[PDB]
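The structure appears right after this line, and notes come after that.
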Amino acid sequence: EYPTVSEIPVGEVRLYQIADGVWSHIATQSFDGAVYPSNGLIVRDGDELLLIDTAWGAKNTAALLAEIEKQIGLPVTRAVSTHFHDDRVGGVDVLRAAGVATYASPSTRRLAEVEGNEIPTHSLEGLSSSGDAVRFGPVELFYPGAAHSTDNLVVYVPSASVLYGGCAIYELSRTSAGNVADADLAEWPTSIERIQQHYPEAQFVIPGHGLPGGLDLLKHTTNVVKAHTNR
Ligand SMILES: CCOC(=O)[C@]1(CS)N[C@@H](C(=O)O)C(C)(C)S1
Ligand SMILES: [Zn+2]
Ligand SMILES: [Zn+2]
Ligand SMILES: [Zn+2]
């Protein structure tokens, strides 16, 4: 049922409804000779929508907005990017031109500037220490510590028990580590443990790339990271 990388042409975006007022968005991109899928989230906020992450580039993000209008028909008023890589912030300028207020932590904004990626306009305060959580409308934002990147955030939707792990959480089909150039391998398992301790009630866990599962995705990611550490 959930769309896989093999079913989505690059340039098109699919929506997958998880619960009342909660969807993921799925897009694909060519990178380094291969095609990869990528996930983000959409959460209803009264008569408006909160977006988590772009759809990996300007063209995909324009298609994302069009697919939201077609399938949901409510305006995206705010967006949060969960780390500084281009699959999370590429398309921010499209969002801004459409009137969306774009947000990220100060860490993420700094790292995006250094890398030359697009920079969300607004700053999320209260997330600079491991274990910090803040409310953002219908979600909670959580900084678990450094993992896939030093700035990575996770997002929890309490009304639906949906945990969006972003790129700090791997899908089951990925059995070897991905791009870890910006990672903190030594801390990544401890950061995952903070996620488990804070959201032990989660029922639906979404990785940054690939198929959702349950909290077993956390143990899976720990296994893969530790195997890479022991290479
Ligand atoms: C635009 C560049 O973005 C990347 O390089 C990412 C960011 S998470 N890392 C890659 C990887 O892990 O191989 C990927 C293809 C999953 S997207
Ligand atoms: Zn990344
Ligand atoms: Zn603003
Ligand atoms: Zn990613």
Check your understanding: How about the range 63-128: which GluC sites (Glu not before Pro) there lie in a loop by DSSP and see at most 14 other Cβ atoms within 10 Å?
Key -> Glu125
Check your understanding: In the range 138-231, which GluC sites (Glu not before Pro) are in a loop and have at most 12 other Cβ atoms within 10 Å, using DSSP for the loop call?
Key -> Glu201
Practice item. May I ask for the Rg/Rh ratio of the chain, computed from Cα atoms with Rh as the Kirkwood radius, given to two decimals? Key: 0.92
Check your understanding: Restricting the count to DSSP beta bridges whose residues both fall in the chain, what percent are antiparallel, rounded to a multiple of 5?
Key -> 70
Revision key, fill the gap. Taking the alpha-carbon centre of each part, the distance from the range 213-231 to the range 127-145 in Å is 22
Check your understanding: Near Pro106, within a Cβ-to-Cβ distance under 10 Å, what is the net charge of the other residues, with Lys and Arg +1 and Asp and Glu -1?
Key -> 0
Review point. Once the Cα gyration tensor of the range 143-206 is diagonalised, what are the square roots of 5 times its eigenvalues, in whole Å and ordered largest first, as equivalent ellipsoid semi-axes?
Key: 20, 13, 10
Exercise for review: Describe numerically, in nm with one decimal, the distance between label points set 7 Å from Cα along Cα→Cβ at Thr77 and at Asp32.
Suggested key: 4.0
Exercise for review: Multiply the residue gap between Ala133 and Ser173 by 0.36 nm, knock off their C-alpha separation, and tell me the result in nm, one decimal place.
Suggested key: 11.4 nm
Review point. Where does the chain land at 222 nm, in deg cm²/dmol rounded to the nearest 500, when only DSSP H runs of n ≥ 4 count, each adding -39500 (n - 2.57), divided by all residues?
Key: -7500 deg cm²/dmol
Point to revise | Under 12 Å, Cβ to Cβ, from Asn179 - net charge with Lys/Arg +1 and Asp/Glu -1 | key: -3
Review point. If you add up the charges near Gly40, with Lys and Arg at +1 and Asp and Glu at -1, over every other residue whose beta carbon is less than 14 angstrom from its beta carbon, what do you get?
Key: -1
Check your understanding: Which ³J(HN,Hα) values in Hz, rounded to whole numbers, follow from the phi angles of the range 36-51 under the Karplus curve 6.51 cos²θ - 1.76 cosθ + 1.60, where θ = phi - 60° and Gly and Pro get x?
Key -> 10, x, 8, 10, x, 9, 9, 10, 5, 10, x, 9, 10, 10, 9, 9
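Computed from the coordinates by the stated procedures, all read-outs in this text should not be read as laboratory data. When we count neighbours, we look across all protein chains shown, and the Cβ atoms used for this are built from the backbone with ideal geometry, even at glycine.
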